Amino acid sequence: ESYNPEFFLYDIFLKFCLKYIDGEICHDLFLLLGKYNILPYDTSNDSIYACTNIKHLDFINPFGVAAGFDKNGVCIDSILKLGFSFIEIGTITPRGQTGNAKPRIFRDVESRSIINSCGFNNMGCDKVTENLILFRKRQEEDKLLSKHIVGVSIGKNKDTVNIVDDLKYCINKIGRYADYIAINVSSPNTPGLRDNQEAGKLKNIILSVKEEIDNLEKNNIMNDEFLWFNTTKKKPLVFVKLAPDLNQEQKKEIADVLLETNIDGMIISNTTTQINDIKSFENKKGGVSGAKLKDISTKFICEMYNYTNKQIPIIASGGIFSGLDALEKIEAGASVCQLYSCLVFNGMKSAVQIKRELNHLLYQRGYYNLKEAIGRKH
């Protein structure tokens, strides 16, 4: 009973938390339950007809946890065991950062929306790398986790002048333990970060990251210890996470760069600064997540799927709460889905519930498997 993510008490506690308890306190308590391995867990074998892949990344189901949920990689095992196929830890920076001043996170239950001005609070690449190493050693001994995927989102310290120096630092420390690297050029809460989405700068960033990963492989290929201590046993793939607050010319220029640099995937999208209809967020700063971002980010998937001529796989992030939401992202062009706000508002049952809803929908719509639906809207 207690172990079951749908155990009736979780929804009762969650409704109480969302009404009376500060958002960051709720999150810290979630993390503490995860640290002491007392979160519920999903005991289901996932349907093989809902598996999916990006390149050699073989996802056991299409639902992962988005970056920012476990910034320091302290809760990996327990979050995955809720029923998710992967998690993106981070965003990490070379040096630790406490972030912007609190309160900096606010929820609106009515609209299932969040606004945050966190500012890349994390313990720093060195410490997070130790946390990921601990997970990778537990995984090596637990066959229950051997196929789960862990990506690492990397960014810059607030005061760093050249973003690439920070990106290279992170690759050389944590890259060997990552199944993929996500380049974060889209947070709205680090001044100047989003300027790096300009095509010229983005191109140099992508080529520099790819070159640093390639040098990691070259210089350690005949080491006694195998270099890739991750799930794939291969060098990490490289993804870029994009902001939805771009004009059509910027989107097109970005897509051209993604085609020329052979990026492995794009994460569409980060939070938006263009929603101001949420009364309770008036005179609050930061990016908005959740239901009000669904349509914006789904339209953005369709745009980039077409601008890249379907050659760049897509990871969907933005207002996914239901199996219908997930199928809309997939038919729009996405190969896999990331959740954040769904976890906040639906709680422990999030993965069990959305996986069941998507499966039934694949049945109803007549698909043989999930891959058949990718980009079918087009």
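One rule holds for the numbers: they count along the sequence shown, beginning at 1. Under this definition, the rigid core comprises the largest set of C-alpha atoms superposing within 1.5 Å between the forms.
Farther from the shown form on average, by C-alpha root mean square after a core fit in 9 other deposited structures of this protein, is 140-148, of the stretches 140-148 and 206-214. Between stretches 364-372 and 8-16, the one whose Cα atoms sit farther from the displayed model in 9 other deposited structures of this protein on average is 8-16 (core-aligned, root mean square).
Relative to its counterpart among 296-304 and 139-147, 139-147 has the higher mean temperature factor, C-alpha atoms as listed in the PDB entry. When 165-173 is weighed against 102-110, 102-110 comes out higher, by mean CA B-factor as recorded in the entry.
Reading the B-factor column for the CA atoms of 179, 282, 126, 88 in the entry, the top value corresponds to 282.
When the C-alpha B factors of 278, 263, 82, 185 are read from the deposited coordinates, the top value falls at 278.
Sort the modelled residues of the chain by CA B factor and residue 30 lands in the middle third.
Among all modelled residues in its chain, residue 226 ranks in the highest third by Cα B-factor.
Among the modelled residues of its chain, residue 119 has a C-alpha B-factor that falls in the middle third according to the deposited record.
The entry lists a Cα temperature factor for residue 158 that places it in the middle third of the chain's modelled residues. Residue 317: CA B factor in the lowest third of modelled residues in this chain (values from the PDB entry).
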